[PDB]
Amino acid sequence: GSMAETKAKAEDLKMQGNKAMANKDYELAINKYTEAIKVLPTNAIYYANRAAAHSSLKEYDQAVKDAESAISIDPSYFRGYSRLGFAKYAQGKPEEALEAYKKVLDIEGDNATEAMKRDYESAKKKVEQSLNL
């Protein structure tokens, strides 16, 4: 049992989770990402990926937990904030969704994709709506 062998085992489980996501087997994906975390619990990507699978099943509270874990483990991994913002937005918490999406743009700057800006703008519009009435 080496650090390299442990990492390779967890990475293989992550890959099985990614394949499940592509097949829209979100229930299987949650299993594989969970199993990967149990092998290697210090890798933020596995938590962000599980957040995506949870969100795909509309389990936004579970998604938020995993996104916050990703953010805690690696605050520079911006997909953590993307997952948090998507789940907060879906829960009707646009102010926290806006803060998460803005963090993505703060990290990426001029590197930000069009999708990242759109997510930020959608949350921003929703926060504006909540004030007009």
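Numbers follow the displayed sequence, beginning with 1.
Test of understanding: from the entry's C-alpha B-factors, which stretch has the higher mean, 87-95 or 35-43? So the stretch with the higher mean C-alpha B-factor is 87-95.
Hey, which bit's got the bigger mean C-alpha B factor in the entry, 10-18 or 121-129? Mean CA B-factor is higher for 121-129.
Which one of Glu27, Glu59, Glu108, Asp66 shows the top CA temperature factor in the record? Highest C-alpha B-factor among the listed options: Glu27.
Divide the modelled residues of the chain into thirds by Cα B-factor and specify which third, lowest, middle or highest, holds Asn49. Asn49: CA B-factor falls in the lowest third of its chain.
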